Structures are given as C-alpha cells and as structure tokens.
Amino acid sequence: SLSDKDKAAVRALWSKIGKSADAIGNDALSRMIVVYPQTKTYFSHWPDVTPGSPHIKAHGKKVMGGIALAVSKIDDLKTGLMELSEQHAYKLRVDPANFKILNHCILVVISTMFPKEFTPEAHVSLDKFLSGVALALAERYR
C-alpha cells in the first residue's frame, strides 16, 4: 500500500526510465525465459522463443505498456488493471509465482541500465508498486 511518497517516487523514476521502456521490456522478458525456463510454456505457441526473437521484442513492448498504464492508474491498481487481470488470472491461468519472477527480472534490467537512479529508496517504492501490480493482476483468480 502505496503512500503519497511511494507514488511520487514511482513517478519520478518512470519519468527518467520511460524513454527506454521497450529495451527494458525485451531485456526483462528474455531474462525471464532464459533464467526461469519453467516460464517458456506460456509462450510455446510463438515460433522463436529466444532472446533475439521478434516475438519477444514486440511483447516486451506490450508488457512495459502495461507498466506505464499502472503508473497512470497508481491510485487504483485494482480497477486500472482489471482487464489484464481477467486475461492473466482468469483466461491464461498464469501461476501467481511467475509475477514475482518477471518483477525480479524487471528490477535487474533497471539496475543494468540506470544504476545511478536506482537507489535503495527508489528500490523500496518500485517494489511496493510491482507487488501492488501483482496483487491487482491476481484479482480474478478466486
């Protein structure tokens, strides 16, 4: 549960990070499939599912579009990501555990790229934010 300074914090960082959202998404999604290969079955219908892959690149763009969407809806993550939750938690039946994974990979990709903006303080609020995302996305399970 995001405080006013948590929101401010997420926003100032997204403001700096944002330019590279596509690079971040592609990079984050490739690390996920490569270091936690249990996650490759959700994308098994794609031809090429390797770090290069045009498939990986397009969808990394989409995921980060979902993070931007959530920065916008940070006052109500629950109603802001209800569509995404319907699809992930209800249609795709994505194992909740994968969200901790993808989230970790995103944090690693940001350390990679913006080592200097990614302070411990920023780290705390981005983490409460990614956890709130996950909880919001978990809405349609049960």
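In this text, residue numbers run from 1 along the sequence as written. We call the rigid core whatever largest set of C-alpha positions still superposes within 1.5 Å between the two forms.
Superposition on the core shows that, in 8 other deposited structures of this protein, the C-alpha atoms drift more in one of 82-90 and 56-64; this is 82-90. Rigid core fits of the other structures in 8 other deposited structures of this protein place the C-alpha atoms of one stretch farther away on average; of 28-36 and 43-51, that stretch is 43-51.
Between 72-80 and 38-46, it is 38-46 that carries the larger average Cα temperature factor according to the deposited entry. In this entry, 13-21 shows the higher mean Cα temperature factor of the pair 13-21 and 130-138. Highest CA B-factor among 100, 31, 116, 62, as stated in the entry: 116. Per-chain ranking of the deposited C-alpha B factor places residue 58 in the middle third.
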